[PDB]
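S.K.: Just passing along the structure, written as structure tokens.
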Amino acid sequence: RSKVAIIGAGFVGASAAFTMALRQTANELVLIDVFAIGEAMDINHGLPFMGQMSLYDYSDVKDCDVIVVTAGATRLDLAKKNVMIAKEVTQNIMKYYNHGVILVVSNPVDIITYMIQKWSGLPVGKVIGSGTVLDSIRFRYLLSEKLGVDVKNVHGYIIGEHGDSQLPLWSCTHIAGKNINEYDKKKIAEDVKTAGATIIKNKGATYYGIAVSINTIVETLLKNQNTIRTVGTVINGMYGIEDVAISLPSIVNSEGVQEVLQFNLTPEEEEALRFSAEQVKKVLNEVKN
């Protein structure tokens, strides 16, 4: 039934694949590369794919339900660097692009997601970035793992730009229906935006957390379970936010975004969110070339 194609066999492309290979998230998985085959063979060593077939070229984006872009590599230069790589990938993908939902993972995700959405000339509801999906996940986790409660009842989201301007939706965070007003927690928010930085310091890279994130999202899309995820979408006309890609809780499925939940945010939160958009917008101006 399902078929996912991952663009880029880097540690991320590889991990991702390896993860949705153990979890056997899709029926078919393709490793499109940009330098690949060997990375697929090593994964195929743990052979029991009683529900998956891992293969190795862009002409295979045909009939894909999802297409993940992990390609990518003095910061703002990175963006501009990645934008170049991205632009080329977008061309090739679209050369054979047919039915499918594109998931952007390349960093700076917020920027590339938007850019790629344009480059492809695809509906805004079909191109999605991994956005703050992982951040929101960890956000709920930290909460539960600190209030003696389990993530099961923990309902919270991390919206905005997947960077430093991100903000936690406290006004819409409830434990089984209990506001965060129990009896302070400005740390939980911190550890969520510090995680990436700290990891990069020690390991000097990051790809396991993302690989998982990808798996998650791919699973969400393939299930069509109306699950809410703070994935990145090109927003235009919300909270006064215009042309720019940003994360917001939205119900997605194998065929695009269904709707980007229009939560009622407090004035401070609407401010924060708006501000956040401005950061991404700054970089976008630099790009768009």
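Convention: chains lettered A, B, ... in structure tokens order; per-chain residue numbering from 1; ligands numbered from 1 as shown.
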Restrict the calculation to only C-alpha atoms, then for each residue of segment 99-217 of chain A with any atom at most 10 Å from an atom of segment 12-31 of chain A give the closest atom pair and their distance in Å to one decimal, rows by chain and rising residue number, as CSV.
M.R.:
residue,atom,partner,partner_atom,distance
A:105,CA,A:12,CA,9.2
A:106,CA,A:12,CA,9.5
A:206,CA,A:12,CA,8.0
A:207,CA,A:12,CA,4.8
A:208,CA,A:15,CA,6.4
A:209,CA,A:12,CA,9.3
A:210,CA,A:12,CA,7.2
A:211,CA,A:16,CA,4.0
A:212,CA,A:16,CA,6.5
A:213,CA,A:16,CA,8.4
A:214,CA,A:16,CA,6.4
A:215,CA,A:20,CA,5.6
A:216,CA,A:20,CA,8.8
S.K.: Could you write out the selected residues, including C-alpha atoms, as a PDB file, in the first residue's frame?
M.R.:
ATOM      1  CA  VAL A 105      13.589  18.243   7.017  1.00  0.00           C
ATOM      2  CA  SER A 106      16.642  20.152   5.755  1.00  0.00           C
ATOM      3  CA  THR A 206      22.262  15.497  15.259  1.00  0.00           C
ATOM      4  CA  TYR A 207      20.276  12.934  13.327  1.00  0.00           C
ATOM      5  CA  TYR A 208      18.721  10.401  15.741  1.00  0.00           C
ATOM      6  CA  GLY A 209      16.148  12.768  17.205  1.00  0.00           C
ATOM      7  CA  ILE A 210      15.226  14.029  13.762  1.00  0.00           C
ATOM      8  CA  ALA A 211      15.155  10.504  12.232  1.00  0.00           C
ATOM      9  CA  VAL A 212      12.596   9.657  14.902  1.00  0.00           C
ATOM     10  CA  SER A 213      10.664  12.829  14.250  1.00  0.00           C
ATOM     11  CA  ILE A 214      10.479  11.948  10.535  1.00  0.00           C
ATOM     12  CA  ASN A 215       9.257   8.465  11.334  1.00  0.00           C
ATOM     13  CA  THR A 216       6.583   9.955  13.573  1.00  0.00           C
TER      14      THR A 216
END
S.K.: With a distance cut-off of 6 Å and only C-alpha atoms, select the neighbouring residues of segment 151-160 of chain A, excluding the residue or stretch itself and same-chain residues fewer than 2 positions from it, and output the selection as a list in words.
M.R.: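 These residues fall inside the cut-off: residues 136, 140, 141, 144, 166, 167, 168, 169, 173, 174, 175, 176, 246, 247, 248, 273 and 276 of chain A.
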S.K.: Write a file of the just-selected residues containing N, CA, C and O atoms, as a compact mmCIF listing (two decimals), in the first residue's frame.
M.R.:
# COMPACT_ATOMS: atom_id res chain seq x y z
N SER A 136 7.66 19.98 20.24
CA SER A 136 6.38 19.85 20.92
C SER A 136 6.34 18.53 21.65
O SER A 136 5.83 18.44 22.76
N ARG A 140 5.78 18.19 25.82
CA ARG A 140 4.78 17.44 26.58
C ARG A 140 5.48 16.46 27.49
O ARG A 140 5.07 16.28 28.63
N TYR A 141 6.54 15.84 26.99
CA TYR A 141 7.31 14.86 27.77
C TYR A 141 7.87 15.49 29.04
O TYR A 141 7.62 15.00 30.14
N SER A 144 5.03 16.07 31.63
CA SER A 144 4.62 14.84 32.29
C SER A 144 5.74 14.31 33.18
O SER A 144 5.50 13.97 34.35
N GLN A 166 10.79 30.32 18.98
CA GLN A 166 9.67 29.43 19.27
C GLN A 166 9.06 29.78 20.61
O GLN A 166 9.73 30.32 21.50
N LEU A 167 7.77 29.50 20.76
CA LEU A 167 7.10 29.77 22.02
C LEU A 167 6.15 28.64 22.33
O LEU A 167 5.61 28.00 21.43
N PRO A 168 6.00 28.33 23.62
CA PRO A 168 5.10 27.25 24.04
C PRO A 168 3.70 27.79 24.26
O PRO A 168 3.51 28.86 24.86
N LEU A 169 2.74 27.07 23.73
CA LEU A 169 1.35 27.44 23.83
C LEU A 169 0.83 27.04 25.18
O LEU A 169 0.20 26.00 25.34
N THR A 173 -2.44 24.47 27.03
CA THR A 173 -1.75 23.28 27.51
C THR A 173 -2.53 22.82 28.72
O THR A 173 -2.63 23.55 29.70
N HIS A 174 -3.09 21.62 28.65
CA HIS A 174 -3.88 21.13 29.76
C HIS A 174 -3.59 19.70 30.11
O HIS A 174 -3.28 18.89 29.24
N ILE A 175 -3.63 19.38 31.41
CA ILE A 175 -3.39 18.02 31.88
C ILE A 175 -4.75 17.40 32.21
O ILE A 175 -5.30 17.61 33.30
N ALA A 176 -5.27 16.64 31.26
CA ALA A 176 -6.56 15.99 31.41
C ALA A 176 -7.65 17.06 31.55
O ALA A 176 -8.79 16.76 31.91
N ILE A 246 5.91 28.64 9.00
CA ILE A 246 5.94 28.56 10.44
C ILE A 246 5.16 27.34 10.95
O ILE A 246 4.34 26.76 10.24
N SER A 247 5.46 26.94 12.19
CA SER A 247 4.80 25.79 12.79
C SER A 247 3.53 26.15 13.54
O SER A 247 3.49 27.13 14.29
N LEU A 248 2.48 25.35 13.32
CA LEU A 248 1.19 25.51 13.98
C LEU A 248 0.47 24.18 13.97
O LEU A 248 0.43 23.47 12.97
N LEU A 273 3.98 34.91 18.77
CA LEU A 273 3.90 34.18 17.53
C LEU A 273 4.25 35.12 16.39
O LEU A 273 5.12 34.81 15.57
N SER A 276 7.92 35.87 16.21
CA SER A 276 8.59 34.68 15.72
C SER A 276 8.59 34.67 14.19
O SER A 276 9.63 34.48 13.58
S.K.: When DSSP works through the backbone of this structure, what residues of segment 81-173 of chain A end up as helix (DSSP H, G or I), shown as number ranges by chain?
M.R.: A: 81-96, 109-120, 133-144
S.K.: Between atom CA of residue 3 of chain A and atom CA of residue 104 of chain A, what distance in Å does the model show, to one decimal?
M.R.: 16.6 Å
S.K.: What separation in Å, quoted to one decimal, exists between atom CA of residue 267 of chain A and atom CA of residue 171 of chain A?
M.R.: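 Computing the Euclidean distance for atom CA of residue 267 of chain A and atom CA of residue 171 of chain A yields 10.6 Å.
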S.K.: Considering only C-alpha atoms, state which residue in the set A:120, A:82, A:74, A:2 is at the smallest distance from residue 94 of chain A.
M.R.: A:120
S.K.: Hey, what does DSSP flag as strand (DSSP E or B) within segment 81-163 of chain A? Can you give it to me as a list in words?
M.R.: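 Residues of segment 81-163 of chain A classed as strand (DSSP E or B): residues 101, 102, 103, 104, 127, 128, 129, 154, 155, 158, 159 and 160 of chain A.
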S.K.: What is the atom CA of residue 122 of chain A to atom CA of residue 164 of chain A distance in Å?
M.R.: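 Atom-to-atom, atom CA of residue 122 of chain A to atom CA of residue 164 of chain A, that is 28.6 Å.
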S.K.: Would you list the contacts of residue 66 of chain A as a short mmCIF file (atom, residue, chain, number, x, y, z; two decimals) with C-alpha atoms, in the first residue's frame, taking every protein, DNA or RNA residue within 8 Å and counting only C-alpha atoms, but skipping same-chain residues closer than 4 positions in sequence?
M.R.:
data_model
loop_
_atom_site.label_atom_id
_atom_site.label_comp_id
_atom_site.auth_asym_id
_atom_site.auth_seq_id
_atom_site.Cartn_x
_atom_site.Cartn_y
_atom_site.Cartn_z
CA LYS A 3 5.46 4.13 -0.34
CA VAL A 4 7.88 6.69 1.05
CA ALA A 5 10.94 8.17 -0.60
CA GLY A 100 2.54 12.75 -3.06
CA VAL A 101 3.13 14.84 0.10
CA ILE A 102 6.50 16.46 0.53
CA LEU A 103 8.10 16.65 3.98
CA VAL A 218 5.42 9.79 8.20
CA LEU A 221 0.42 10.91 7.44
CA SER A 254 -1.44 11.05 3.35
#
S.K.: For residue 89 of chain A, which residue among A:116, A:265, A:195, A:55 is the nearest when counting only C-alpha atoms?
M.R.: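 The closest residue to residue 89 of chain A is A:116.
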S.K.: Have a look at A:280, A:53, A:222, A:188 and name the one nearest to residue 142 of chain A; count only C-alpha atoms.
M.R.: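 Going through A:280, A:53, A:222, A:188 one by one, the smallest distance to residue 142 of chain A is for A:188.
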S.K.: Calculated over only C-alpha atoms, which of the candidates A:59, A:179, A:285, A:132 has the smallest distance to residue 230 of chain A?
M.R.: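 Distance minimum relative to residue 230 of chain A lands on A:132.
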S.K.: Neighbouring residues of residue 194 of chain A were defined as those with any atom within 12 Å, considering only C-alpha atoms; residues of the same chain fewer than 6 positions away were excluded. Please report them as JSON, numbers by chain.
M.R.: {"A": [135, 138, 139, 162, 163, 164, 165, 166, 187, 188, 200, 201]}
S.K.: Write out as a list in words each polymer residue whose atoms come within 7 Å of residue 249 of chain A, counting only C-alpha atoms; drop sequence neighbours fewer than 3 positions from it.
M.R.: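 Once the nearby chain positions are removed, what remains is residues 228, 229, 230, 231, 260 and 261 of chain A.
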